[PDB]
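Enquirer: For reference, this is run_30.cif, and it has mmCIF, C-alpha atoms and all ligand atoms.
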data_upload
loop_
_atom_site.group_PDB
_atom_site.id
_atom_site.type_symbol
_atom_site.label_atom_id
_atom_site.label_comp_id
_atom_site.auth_asym_id
_atom_site.auth_seq_id
_atom_site.Cartn_x
_atom_site.Cartn_y
_atom_site.Cartn_z
ATOM 1 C CA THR A 57 94.935 72.013 66.096
ATOM 2 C CA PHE A 58 94.418 74.967 63.753
ATOM 3 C CA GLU A 59 90.748 75.711 64.364
ATOM 4 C CA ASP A 60 91.369 75.382 68.096
ATOM 5 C CA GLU A 61 94.164 77.966 68.096
ATOM 6 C CA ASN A 62 92.165 80.367 65.927
ATOM 7 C CA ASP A 63 89.227 80.046 68.334
ATOM 8 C CA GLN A 64 91.486 80.601 71.347
ATOM 9 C CA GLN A 65 92.911 83.718 69.672
ATOM 10 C CA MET A 66 89.651 85.099 68.236
ATOM 11 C CA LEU A 67 88.465 86.521 71.563
ATOM 12 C CA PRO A 68 90.127 87.735 74.755
ATOM 13 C CA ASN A 69 89.308 85.167 77.422
ATOM 14 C CA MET A 70 87.057 86.998 79.880
ATOM 15 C CA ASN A 71 87.569 84.129 82.348
ATOM 16 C CA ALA A 72 91.270 84.941 82.846
ATOM 17 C CA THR A 73 91.775 88.580 81.797
ATOM 18 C CA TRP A 74 90.679 90.154 85.096
ATOM 19 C CA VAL A 75 93.982 89.224 86.761
ATOM 20 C CA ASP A 76 96.035 91.938 85.013
ATOM 21 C CA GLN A 77 93.568 94.701 85.912
ATOM 22 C CA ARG A 78 93.659 97.492 88.502
ATOM 23 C CA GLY A 79 93.798 96.000 91.980
ATOM 24 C CA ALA A 80 94.084 92.195 92.007
ATOM 25 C CA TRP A 81 97.631 92.065 93.375
ATOM 26 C CA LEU A 82 96.352 94.226 96.223
ATOM 27 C CA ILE A 83 93.150 92.246 96.813
ATOM 28 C CA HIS A 84 95.200 89.112 97.496
ATOM 29 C CA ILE A 85 97.041 90.896 100.329
ATOM 30 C CA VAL A 86 93.775 92.431 101.534
ATOM 31 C CA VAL A 87 91.985 89.093 101.832
ATOM 32 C CA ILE A 88 95.024 87.621 103.616
ATOM 33 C CA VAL A 89 94.905 90.465 106.149
ATOM 34 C CA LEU A 90 91.143 90.083 106.593
ATOM 35 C CA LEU A 91 91.466 86.349 107.281
ATOM 36 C CA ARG A 92 94.186 87.077 109.839
ATOM 37 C CA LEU A 93 91.992 89.545 111.732
ATOM 38 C CA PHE A 94 88.993 87.199 111.601
ATOM 39 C CA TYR A 95 90.950 84.329 113.143
ATOM 40 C CA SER A 96 92.367 86.760 115.708
ATOM 41 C CA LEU A 97 88.784 87.735 116.545
ATOM 42 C CA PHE A 98 88.102 84.064 117.271
ATOM 43 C CA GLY A 99 90.470 84.305 120.224
ATOM 44 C CA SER A 100 92.750 81.273 120.350
ATOM 45 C CA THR A 101 96.524 81.164 120.713
ATOM 46 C CA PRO A 102 98.544 82.913 117.968
ATOM 47 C CA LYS A 103 100.025 79.729 116.474
ATOM 48 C CA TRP A 104 96.563 78.278 115.827
ATOM 49 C CA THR A 105 95.387 81.545 114.269
ATOM 50 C CA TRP A 106 98.370 81.713 111.923
ATOM 51 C CA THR A 107 98.218 78.068 110.847
ATOM 52 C CA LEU A 108 94.478 78.453 110.223
ATOM 53 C CA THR A 109 95.158 81.554 108.120
ATOM 54 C CA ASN A 110 97.754 79.702 106.041
ATOM 55 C CA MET A 111 95.577 76.625 105.466
ATOM 56 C CA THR A 112 92.474 78.665 104.631
ATOM 57 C CA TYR A 113 94.225 80.887 102.092
ATOM 58 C CA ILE A 114 96.168 78.072 100.423
ATOM 59 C CA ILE A 115 93.184 75.724 100.175
ATOM 60 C CA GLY A 116 90.910 78.464 98.839
ATOM 61 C CA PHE A 117 93.436 79.467 96.194
ATOM 62 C CA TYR A 118 93.868 75.840 95.135
ATOM 63 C CA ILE A 119 90.140 75.101 94.973
ATOM 64 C CA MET A 120 89.440 78.211 92.898
ATOM 65 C CA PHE A 121 92.426 78.335 90.534
ATOM 66 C CA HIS A 122 93.383 74.653 90.208
ATOM 67 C CA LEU A 123 90.358 72.373 90.702
ATOM 68 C CA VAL A 124 87.757 73.235 88.052
ATOM 69 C CA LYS A 125 88.336 72.864 84.307
ATOM 70 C CA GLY A 126 86.650 75.003 81.669
ATOM 71 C CA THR A 127 84.825 78.323 81.677
ATOM 72 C CA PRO A 128 81.644 79.244 83.595
ATOM 73 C CA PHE A 129 80.061 80.552 80.375
ATOM 74 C CA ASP A 130 80.016 79.837 76.654
ATOM 75 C CA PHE A 131 83.244 80.933 74.961
ATOM 76 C CA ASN A 132 83.571 78.887 71.773
ATOM 77 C CA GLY A 133 83.005 75.362 70.514
ATOM 78 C CA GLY A 134 85.047 74.116 73.439
ATOM 79 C CA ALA A 135 88.421 75.844 73.203
ATOM 80 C CA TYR A 136 89.319 75.871 76.903
ATOM 81 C CA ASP A 137 87.496 72.729 78.032
ATOM 82 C CA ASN A 138 90.515 70.894 79.395
ATOM 83 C CA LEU A 139 92.337 73.690 81.206
ATOM 84 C CA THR A 140 92.073 75.148 84.697
ATOM 85 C CA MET A 141 92.059 78.896 85.340
ATOM 86 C CA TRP A 142 95.777 78.891 86.204
ATOM 87 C CA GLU A 143 96.582 77.389 82.789
ATOM 88 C CA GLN A 144 94.585 80.125 81.035
ATOM 89 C CA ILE A 145 96.339 83.133 82.597
ATOM 90 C CA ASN A 146 98.091 85.233 79.934
ATOM 91 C CA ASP A 147 96.954 82.931 77.096
ATOM 92 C CA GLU A 148 99.282 80.084 78.149
ATOM 93 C CA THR A 149 102.503 82.049 78.680
ATOM 94 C CA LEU A 150 104.547 80.973 81.688
ATOM 95 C CA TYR A 151 106.509 83.146 84.131
ATOM 96 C CA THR A 152 104.806 86.461 83.368
ATOM 97 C CA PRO A 153 104.792 89.098 86.141
ATOM 98 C CA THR A 154 101.345 88.000 87.358
ATOM 99 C CA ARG A 155 102.470 84.384 87.718
ATOM 100 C CA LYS A 156 105.642 85.498 89.510
ATOM 101 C CA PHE A 157 103.639 87.569 91.988
ATOM 102 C CA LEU A 158 101.204 84.713 92.597
ATOM 103 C CA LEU A 159 104.137 82.326 93.144
ATOM 104 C CA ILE A 160 105.914 84.599 95.631
ATOM 105 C CA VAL A 161 102.887 85.139 97.893
ATOM 106 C CA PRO A 162 102.710 81.694 99.606
ATOM 107 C CA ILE A 163 106.445 81.663 100.365
ATOM 108 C CA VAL A 164 106.427 85.095 102.013
ATOM 109 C CA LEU A 165 103.230 84.144 103.842
ATOM 110 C CA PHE A 166 105.006 81.105 105.280
ATOM 111 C CA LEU A 167 108.012 83.258 106.202
ATOM 112 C CA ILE A 168 105.817 85.681 108.158
ATOM 113 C CA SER A 169 103.880 82.868 109.839
ATOM 114 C CA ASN A 170 107.096 80.975 110.660
ATOM 115 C CA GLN A 171 108.127 82.832 113.836
ATOM 116 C CA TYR A 172 104.995 81.861 115.777
ATOM 117 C CA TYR A 173 104.861 78.043 115.564
ATOM 118 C CA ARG A 174 108.616 77.451 115.237
ATOM 119 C CA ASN A 175 108.699 75.791 118.672
ATOM 120 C CA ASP A 176 106.283 73.007 117.619
ATOM 121 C CA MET A 177 107.660 70.528 115.094
ATOM 122 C CA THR A 178 104.236 69.070 114.267
ATOM 123 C CA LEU A 179 102.661 72.377 113.222
ATOM 124 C CA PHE A 180 105.853 73.510 111.481
ATOM 125 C CA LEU A 181 106.070 70.282 109.479
ATOM 126 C CA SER A 182 102.376 70.317 108.569
ATOM 127 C CA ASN A 183 102.467 73.968 107.495
ATOM 128 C CA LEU A 184 105.582 73.489 105.371
ATOM 129 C CA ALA A 185 104.166 70.321 103.809
ATOM 130 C CA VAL A 186 100.830 71.887 102.869
ATOM 131 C CA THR A 187 102.475 75.050 101.550
ATOM 132 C CA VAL A 188 105.151 73.425 99.409
ATOM 133 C CA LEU A 189 102.806 70.672 98.187
ATOM 134 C CA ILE A 190 99.764 72.754 97.238
ATOM 135 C CA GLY A 191 100.880 76.323 96.641
ATOM 136 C CA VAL A 192 104.166 75.914 94.790
ATOM 137 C CA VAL A 193 103.950 72.601 92.919
ATOM 138 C CA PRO A 194 100.788 73.054 90.778
ATOM 139 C CA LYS A 195 102.030 76.536 89.820
ATOM 140 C CA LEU A 196 105.379 75.226 88.515
ATOM 141 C CA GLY A 197 106.404 75.155 84.859
ATOM 142 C CA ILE A 198 106.593 71.362 84.561
ATOM 143 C CA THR A 199 103.137 70.635 86.014
ATOM 144 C CA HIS A 200 101.473 72.465 83.112
ATOM 145 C CA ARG A 201 98.949 70.240 81.318
ATOM 146 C CA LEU A 202 100.003 67.222 83.401
ATOM 147 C CA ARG A 203 96.979 64.927 83.719
ATOM 148 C CA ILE A 204 97.242 61.816 85.903
ATOM 149 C CA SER A 205 94.965 59.438 87.809
ATOM 150 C CA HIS B 4 53.090 122.529 74.196
ATOM 151 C CA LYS B 5 51.548 119.692 76.200
ATOM 152 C CA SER B 6 51.873 115.903 76.223
ATOM 153 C CA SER B 7 50.481 112.866 78.076
ATOM 154 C CA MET B 8 53.486 112.407 80.373
ATOM 155 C CA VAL B 9 52.785 112.466 84.117
ATOM 156 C CA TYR B 10 55.784 113.793 86.023
ATOM 157 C CA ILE B 11 57.165 112.679 89.385
ATOM 158 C CA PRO B 12 58.141 115.318 91.972
ATOM 159 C CA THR B 13 61.655 115.389 93.369
ATOM 160 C CA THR B 14 62.176 114.165 96.932
ATOM 161 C CA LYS B 15 63.214 117.648 98.064
ATOM 162 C CA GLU B 16 59.973 119.054 96.651
ATOM 163 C CA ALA B 17 58.010 116.271 98.357
ATOM 164 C CA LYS B 18 59.590 117.131 101.713
ATOM 165 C CA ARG B 19 58.802 120.786 101.000
ATOM 166 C CA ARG B 20 55.145 119.911 100.404
ATOM 167 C CA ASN B 21 54.891 117.705 103.502
ATOM 168 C CA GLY B 22 56.974 120.053 105.670
ATOM 169 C CA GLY B 26 62.856 119.810 114.340
ATOM 170 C CA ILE B 27 66.137 117.901 114.484
ATOM 171 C CA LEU B 28 64.241 114.601 114.433
ATOM 172 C CA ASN B 29 64.446 114.903 110.643
ATOM 173 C CA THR B 30 68.223 115.281 110.931
ATOM 174 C CA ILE B 31 68.474 112.186 113.137
ATOM 175 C CA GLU B 32 66.296 110.216 110.719
ATOM 176 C CA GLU B 33 68.361 111.299 107.716
ATOM 177 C CA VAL B 34 71.695 110.443 109.341
ATOM 178 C CA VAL B 35 70.289 107.017 110.264
ATOM 179 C CA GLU B 36 69.089 106.418 106.700
ATOM 180 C CA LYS B 37 72.443 107.606 105.326
ATOM 181 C CA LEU B 38 74.208 105.025 107.492
ATOM 182 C CA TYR B 39 71.689 102.349 106.491
ATOM 183 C CA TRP B 40 72.135 102.937 102.761
ATOM 184 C CA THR B 41 75.920 103.240 103.063
ATOM 185 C CA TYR B 42 76.032 99.828 104.752
ATOM 186 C CA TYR B 43 73.451 98.218 102.458
ATOM 187 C CA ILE B 44 74.535 99.074 98.927
ATOM 188 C CA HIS B 45 78.216 98.152 99.271
ATOM 189 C CA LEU B 46 77.465 94.479 100.043
ATOM 190 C CA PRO B 47 75.649 92.181 97.595
ATOM 191 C CA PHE B 48 72.252 91.982 99.293
ATOM 192 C CA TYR B 49 70.205 92.760 96.168
ATOM 193 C CA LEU B 50 71.804 89.795 94.385
ATOM 194 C CA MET B 51 71.002 87.230 97.103
ATOM 195 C CA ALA B 52 67.908 85.452 98.398
ATOM 196 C CA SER B 53 66.234 85.991 101.785
ATOM 197 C CA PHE B 54 67.880 83.190 103.790
ATOM 198 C CA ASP B 55 71.376 83.997 102.533
ATOM 199 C CA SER B 56 70.913 87.711 103.213
ATOM 200 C CA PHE B 57 69.663 86.961 106.730
ATOM 201 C CA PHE B 58 72.652 84.734 107.462
ATOM 202 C CA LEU B 59 75.089 87.332 106.118
ATOM 203 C CA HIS B 60 73.370 89.933 108.307
ATOM 204 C CA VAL B 61 73.720 87.849 111.472
ATOM 205 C CA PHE B 62 77.317 87.015 110.517
ATOM 206 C CA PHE B 63 78.248 90.695 110.246
ATOM 207 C CA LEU B 64 76.358 91.544 113.443
ATOM 208 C CA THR B 65 78.219 88.826 115.350
ATOM 209 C CA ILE B 66 81.580 90.021 114.011
ATOM 210 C CA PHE B 67 80.874 93.612 115.023
ATOM 211 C CA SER B 68 79.587 92.640 118.476
ATOM 212 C CA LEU B 69 82.594 90.418 119.194
ATOM 213 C CA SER B 70 85.018 93.096 117.989
ATOM 214 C CA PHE B 71 83.367 95.772 120.137
ATOM 215 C CA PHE B 72 83.423 93.472 123.171
ATOM 216 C CA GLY B 73 87.105 92.725 122.621
ATOM 217 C CA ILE B 74 87.954 96.405 122.169
ATOM 218 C CA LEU B 75 86.551 97.308 125.595
ATOM 219 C CA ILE C 74 115.468 81.390 91.313
ATOM 220 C CA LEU C 75 111.762 81.707 90.512
ATOM 221 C CA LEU C 76 112.071 85.476 90.064
ATOM 222 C CA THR C 77 114.915 85.062 87.537
ATOM 223 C CA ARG C 78 112.974 83.243 84.776
ATOM 224 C CA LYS C 79 112.316 84.839 81.379
ATOM 225 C CA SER C 80 108.700 84.185 80.418
ATOM 226 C CA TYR C 81 108.714 81.619 77.598
ATOM 227 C CA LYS C 82 105.820 80.169 75.554
ATOM 228 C CA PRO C 83 105.147 76.403 75.801
ATOM 229 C CA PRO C 84 106.980 74.470 73.072
ATOM 230 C CA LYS C 85 104.993 73.282 70.072
ATOM 231 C CA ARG C 86 104.609 69.806 68.599
ATOM 232 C CA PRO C 87 106.853 68.667 65.730
ATOM 233 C CA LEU C 88 105.425 68.027 62.289
ATOM 234 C CA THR C 89 104.219 64.623 61.119
ATOM 235 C CA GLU C 90 105.498 62.540 58.195
ATOM 236 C CA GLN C 91 102.236 62.918 56.271
ATOM 237 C CA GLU C 92 102.300 66.663 56.899
ATOM 238 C CA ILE C 93 105.921 66.787 55.726
ATOM 239 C CA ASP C 94 105.064 64.837 52.572
ATOM 240 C CA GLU C 95 102.153 67.135 51.728
ATOM 241 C CA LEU C 96 104.304 70.226 52.292
ATOM 242 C CA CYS C 97 107.049 68.802 50.073
ATOM 243 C CA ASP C 98 104.519 68.028 47.334
ATOM 244 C CA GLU C 99 103.132 71.569 47.576
ATOM 245 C CA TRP C 100 106.529 73.153 46.786
ATOM 246 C CA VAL C 101 107.182 73.830 43.094
ATOM 247 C CA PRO C 102 110.590 74.947 41.747
ATOM 248 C CA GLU C 103 111.577 77.015 38.727
ATOM 249 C CA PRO C 104 113.239 75.728 35.534
ATOM 250 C CA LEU C 105 117.025 75.501 35.436
ATOM 251 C CA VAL C 106 117.250 78.403 32.987
ATOM 252 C CA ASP C 107 114.808 81.092 31.850
ATOM 253 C CA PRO C 108 113.288 80.311 28.418
ATOM 254 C CA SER C 109 111.202 83.504 28.337
ATOM 255 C CA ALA C 110 113.610 85.851 26.529
ATOM 256 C CA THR C 111 115.654 83.352 24.520
ATOM 257 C CA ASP C 112 114.108 84.184 21.131
ATOM 258 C CA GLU C 113 114.536 87.972 21.106
ATOM 259 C CA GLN C 114 118.202 87.578 22.119
ATOM 260 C CA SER C 115 119.189 84.633 19.897
ATOM 261 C CA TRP C 116 120.180 86.889 16.992
ATOM 262 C CA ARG C 117 123.692 86.968 18.478
ATOM 263 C CA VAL C 118 124.130 83.247 17.815
ATOM 264 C CA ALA C 119 122.754 83.641 14.286
ATOM 265 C CA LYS C 120 125.110 86.539 13.459
ATOM 266 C CA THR C 121 128.383 84.917 14.588
ATOM 267 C CA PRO C 122 130.911 84.367 11.767
HETATM 268 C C1 LIG D 1 82.979 72.189 91.796
HETATM 269 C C2 LIG D 1 82.161 71.773 93.016
HETATM 270 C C3 LIG D 1 83.062 71.750 94.250
HETATM 271 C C4 LIG D 1 82.204 71.555 95.501
HETATM 272 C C5 LIG D 1 82.912 72.164 96.712
HETATM 273 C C6 LIG D 1 82.363 73.569 96.969
HETATM 274 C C7 LIG D 1 83.348 74.617 96.448
HETATM 275 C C8 LIG D 1 82.580 75.887 96.080
HETATM 276 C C9 LIG D 1 83.447 77.124 96.326
HETATM 277 C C10 LIG D 1 84.567 77.203 95.283
HETATM 278 C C11 LIG D 1 83.973 77.179 93.875
HETATM 279 C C12 LIG D 1 84.950 77.832 92.895
HETATM 280 C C13 LIG D 1 84.750 77.230 91.503
HETATM 281 C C14 LIG D 1 85.538 78.036 90.470
HETATM 282 C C15 LIG D 1 85.340 79.550 90.538
HETATM 283 C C16 LIG D 1 86.127 80.353 89.503
HETATM 284 O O1 LIG D 1 87.129 79.519 88.923
HETATM 285 C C17 LIG D 1 85.191 80.847 88.401
HETATM 286 C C18 LIG D 1 84.970 79.719 87.401
HETATM 287 O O2 LIG D 1 86.225 79.367 86.815
HETATM 288 N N1 LIG D 1 85.806 81.983 87.704
HETATM 289 C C19 LIG D 1 85.076 83.000 87.233
HETATM 290 O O3 LIG D 1 83.853 83.072 87.336
HETATM 291 C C20 LIG D 1 85.871 84.094 86.529
HETATM 292 C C21 LIG D 1 86.460 85.037 87.570
HETATM 293 C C22 LIG D 1 85.323 85.686 88.350
HETATM 294 C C23 LIG D 1 85.892 86.700 89.337
HETATM 295 C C24 LIG D 1 87.034 86.058 90.113
HETATM 296 C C25 LIG D 1 87.652 87.106 91.031
HETATM 297 C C26 LIG D 1 86.676 87.433 92.157
HETATM 298 C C27 LIG D 1 87.468 87.961 93.350
HETATM 299 C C28 LIG D 1 88.586 86.977 93.689
HETATM 300 C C29 LIG D 1 89.877 87.756 93.925
HETATM 301 C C30 LIG D 1 90.977 86.793 94.360
HETATM 302 C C31 LIG D 1 90.655 86.260 95.751
HETATM 303 C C32 LIG D 1 91.954 85.848 96.441
HETATM 304 C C33 LIG D 1 92.442 84.519 95.866
HETATM 305 C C34 LIG D 1 91.635 83.380 96.482
HETATM 306 C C35 LIG D 1 91.632 83.538 98.000
HETATM 307 C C36 LIG D 1 90.617 82.576 98.606
HETATM 308 C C37 LIG D 1 90.149 83.129 99.949
HETATM 309 C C38 LIG D 1 89.727 81.971 100.846
HETATM 310 C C39 LIG D 1 88.918 82.509 102.023
HETATM 311 C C40 LIG D 1 87.465 82.695 101.591
HETATM 312 C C41 LIG D 1 86.932 81.376 101.029
HETATM 313 C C42 LIG D 1 86.710 80.381 102.170
#
Represent the structure from my file as structure tokens, please.

Expert:
Amino acid sequence: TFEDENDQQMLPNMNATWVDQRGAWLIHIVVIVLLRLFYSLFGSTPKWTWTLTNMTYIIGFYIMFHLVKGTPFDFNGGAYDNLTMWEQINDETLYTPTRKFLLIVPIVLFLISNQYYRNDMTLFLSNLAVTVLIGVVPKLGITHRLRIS
Amino acid sequence: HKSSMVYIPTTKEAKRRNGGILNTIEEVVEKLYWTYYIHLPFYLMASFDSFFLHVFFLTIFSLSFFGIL
Amino acid sequence: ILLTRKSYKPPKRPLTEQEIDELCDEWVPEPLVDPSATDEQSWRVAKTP
């Protein structure tokens, strides 16, 4: 409605403005690299390390950006009470540079991980399924504000 | 002019008042300790969580050093 | 394909019949002609042989 839009415009949303700041694009890569080295430090075979890296990163990103609705602090009357953090990025404007960069990352991650478990069809299928079903679908332009049961 | 404010001496002046290379070893150790401590959120945690983070980091470092050799 | 997109804003809802009716009732037009300056110009009609 009107009041709702005026409330959503009256303040910059501190819950979703930190993305466009100095060093988030880099921190994503950094945490990916750190997870890789941690799983390497475990000691198992490379395919297990890489599939664990992919699952851990994808599931963490989904649980943080796509699971919880609202803001962790008072913002307005309600304003953003029925939106996840991914739906608040750049005040509901799709396909901005930040969204493009966050979309590209899982695909390139799968491409790099691909050449280690290519010989096993089970791991390859599971990795592709999880990636394309959790890291590319909720971030699409037609899943926006799509509530189901 | 004089007021009722009690002053606190600087740490350099305190060391001057209280007077080999054991001091240098102690100060390099404390430099390392502070450099490790303040860059991780240990002031913002409780005791159990801080202890578990400590043992986690110690285990990571020990395993990495063992693997390096 | 993903990198090619243009960055649009989500489409808005269309207006409602009650909203349309209220907007139409808010609009007010002008008269067909301007009766403000008719009297200080109407000497021409009165002075025509
Ligand atoms: C809900 C109960 C679920 C019970 C299950 C337990 C889950 C608990 C852990 C997850 C909870 C997350 C809930 C939502 C958290 C955020 O959204 C909150 C609330 O919006 N944002 C804010 O406070 C505003 C932003 C605050 C700073 C965010 C940036 C901090 C640094 C993150 C940089 C990006 C990190 C890389 C992307 C995610 C990678 C995940 C790494 C996974 C490996 C480590 C985790 C296992």

Enquirer: Taking only C-alpha atoms and all ligand atoms and a cut-off of 9 Å, can you tell me which residues surround ligand LIG 1 (chain D), written as a PDB file with C-alpha atoms, in the frame of the given file?

Expert:
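Output saved as out.pdb:
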ATOM      1  CA  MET A  70      87.057  86.998  79.880  1.00  0.00           C
ATOM      2  CA  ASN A  71      87.569  84.129  82.348  1.00  0.00           C
ATOM      3  CA  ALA A  72      91.270  84.941  82.846  1.00  0.00           C
ATOM      4  CA  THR A  73      91.775  88.580  81.797  1.00  0.00           C
ATOM      5  CA  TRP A  74      90.679  90.154  85.096  1.00  0.00           C
ATOM      6  CA  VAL A  75      93.982  89.224  86.761  1.00  0.00           C
ATOM      7  CA  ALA A  80      94.084  92.195  92.007  1.00  0.00           C
ATOM      8  CA  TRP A  81      97.631  92.065  93.375  1.00  0.00           C
ATOM      9  CA  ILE A  83      93.150  92.246  96.813  1.00  0.00           C
ATOM     10  CA  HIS A  84      95.200  89.112  97.496  1.00  0.00           C
ATOM     11  CA  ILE A  85      97.041  90.896 100.329  1.00  0.00           C
ATOM     12  CA  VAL A  86      93.775  92.431 101.534  1.00  0.00           C
ATOM     13  CA  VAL A  87      91.985  89.093 101.832  1.00  0.00           C
ATOM     14  CA  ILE A  88      95.024  87.621 103.616  1.00  0.00           C
ATOM     15  CA  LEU A  91      91.466  86.349 107.281  1.00  0.00           C
ATOM     16  CA  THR A 109      95.158  81.554 108.120  1.00  0.00           C
ATOM     17  CA  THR A 112      92.474  78.665 104.631  1.00  0.00           C
ATOM     18  CA  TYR A 113      94.225  80.887 102.092  1.00  0.00           C
ATOM     19  CA  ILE A 114      96.168  78.072 100.423  1.00  0.00           C
ATOM     20  CA  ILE A 115      93.184  75.724 100.175  1.00  0.00           C
ATOM     21  CA  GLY A 116      90.910  78.464  98.839  1.00  0.00           C
ATOM     22  CA  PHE A 117      93.436  79.467  96.194  1.00  0.00           C
ATOM     23  CA  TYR A 118      93.868  75.840  95.135  1.00  0.00           C
ATOM     24  CA  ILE A 119      90.140  75.101  94.973  1.00  0.00           C
ATOM     25  CA  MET A 120      89.440  78.211  92.898  1.00  0.00           C
ATOM     26  CA  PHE A 121      92.426  78.335  90.534  1.00  0.00           C
ATOM     27  CA  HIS A 122      93.383  74.653  90.208  1.00  0.00           C
ATOM     28  CA  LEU A 123      90.358  72.373  90.702  1.00  0.00           C
ATOM     29  CA  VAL A 124      87.757  73.235  88.052  1.00  0.00           C
ATOM     30  CA  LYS A 125      88.336  72.864  84.307  1.00  0.00           C
ATOM     31  CA  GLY A 126      86.650  75.003  81.669  1.00  0.00           C
ATOM     32  CA  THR A 127      84.825  78.323  81.677  1.00  0.00           C
ATOM     33  CA  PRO A 128      81.644  79.244  83.595  1.00  0.00           C
ATOM     34  CA  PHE A 129      80.061  80.552  80.375  1.00  0.00           C
ATOM     35  CA  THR A 140      92.073  75.148  84.697  1.00  0.00           C
ATOM     36  CA  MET A 141      92.059  78.896  85.340  1.00  0.00           C
TER      37      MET A 141
END

Enquirer: Which distance in Å separates atom CA of residue 64 of chain A and atom CA of residue 135 of chain A, to one decimal?

Expert: 6.0 Å

Enquirer: Can you turn the PyMOL selection byres ((chain B) within 12 of (chain A)) into a concrete residue list for this file, as a list in words?

Expert: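 This file, filtered by the PyMOL selection byres ((chain B) within 12 of (chain A)), leaves residues 62, 63, 65, 66, 67, 68, 69, 70, 71, 72, 73 and 74 of chain B.
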
Enquirer: Could the residues of chain A within 10 Å of chain C, counting only C-alpha atoms, be given as a ChimeraX atom specification, please?

Expert: /A:147-153,155-157,159-160,196-197,200

Enquirer: Evaluate the PyMOL selection byres (((chain A and resi 168-182) around 12) and not hetatm) here and jot the selected residues down as a PyMOL selection string.

Expert: chain A and resi 88+92+101-111+161-167+183-190

Enquirer: Output C-alpha atoms for every residue in the selection just made, as a PDB file, in the frame of the given file.

Expert:
ATOM      1  CA  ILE A  88      95.024  87.621 103.616  1.00  0.00           C
ATOM      2  CA  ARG A  92      94.186  87.077 109.839  1.00  0.00           C
ATOM      3  CA  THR A 101      96.524  81.164 120.713  1.00  0.00           C
ATOM      4  CA  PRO A 102      98.544  82.913 117.968  1.00  0.00           C
ATOM      5  CA  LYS A 103     100.025  79.729 116.474  1.00  0.00           C
ATOM      6  CA  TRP A 104      96.563  78.278 115.827  1.00  0.00           C
ATOM      7  CA  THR A 105      95.387  81.545 114.269  1.00  0.00           C
ATOM      8  CA  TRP A 106      98.370  81.713 111.923  1.00  0.00           C
ATOM      9  CA  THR A 107      98.218  78.068 110.847  1.00  0.00           C
ATOM     10  CA  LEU A 108      94.478  78.453 110.223  1.00  0.00           C
ATOM     11  CA  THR A 109      95.158  81.554 108.120  1.00  0.00           C
ATOM     12  CA  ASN A 110      97.754  79.702 106.041  1.00  0.00           C
ATOM     13  CA  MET A 111      95.577  76.625 105.466  1.00  0.00           C
ATOM     14  CA  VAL A 161     102.887  85.139  97.893  1.00  0.00           C
ATOM     15  CA  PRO A 162     102.710  81.694  99.606  1.00  0.00           C
ATOM     16  CA  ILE A 163     106.445  81.663 100.365  1.00  0.00           C
ATOM     17  CA  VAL A 164     106.427  85.095 102.013  1.00  0.00           C
ATOM     18  CA  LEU A 165     103.230  84.144 103.842  1.00  0.00           C
ATOM     19  CA  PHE A 166     105.006  81.105 105.280  1.00  0.00           C
ATOM     20  CA  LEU A 167     108.012  83.258 106.202  1.00  0.00           C
ATOM     21  CA  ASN A 183     102.467  73.968 107.495  1.00  0.00           C
ATOM     22  CA  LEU A 184     105.582  73.489 105.371  1.00  0.00           C
ATOM     23  CA  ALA A 185     104.166  70.321 103.809  1.00  0.00           C
ATOM     24  CA  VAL A 186     100.830  71.887 102.869  1.00  0.00           C
ATOM     25  CA  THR A 187     102.475  75.050 101.550  1.00  0.00           C
ATOM     26  CA  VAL A 188     105.151  73.425  99.409  1.00  0.00           C
ATOM     27  CA  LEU A 189     102.806  70.672  98.187  1.00  0.00           C
ATOM     28  CA  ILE A 190      99.764  72.754  97.238  1.00  0.00           C
TER      29      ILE A 190
END

Enquirer: Measure the distance from atom CA of residue 142 of chain A to atom CA of residue 195 of chain A in Å and round it to one decimal.

Expert: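 Straight-line distance from atom CA of residue 142 of chain A to atom CA of residue 195 of chain A works out to 7.6 Å.
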
Enquirer: Could you state the separation of atom CA of residue 203 of chain A and atom CA of residue 139 of chain A in Å, given to one decimal place?

Expert: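 Atom CA of residue 203 of chain A sits 10.2 Å away from atom CA of residue 139 of chain A.
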
Enquirer: Give me, as an MDAnalysis selection string, all polymer residues having an atom no more than 12 Å from residue 46 of chain B, counting only C-alpha atoms and skipping those fewer than 6 positions away in the same chain.

Expert: chainID B and resid 39:40 56 59:60 63

Enquirer: Can you report as lines of an AutoDock Vina configuration file the centre and edge lengths in Å, to one decimal, of an axis-aligned box around the listed atoms of segment 43-50 of chain B padded with 6 Å on each side?

Expert:
center_x = 74.2
center_y = 94.4
center_z = 98.4
size_x = 20.0
size_y = 21.3
size_z = 20.1
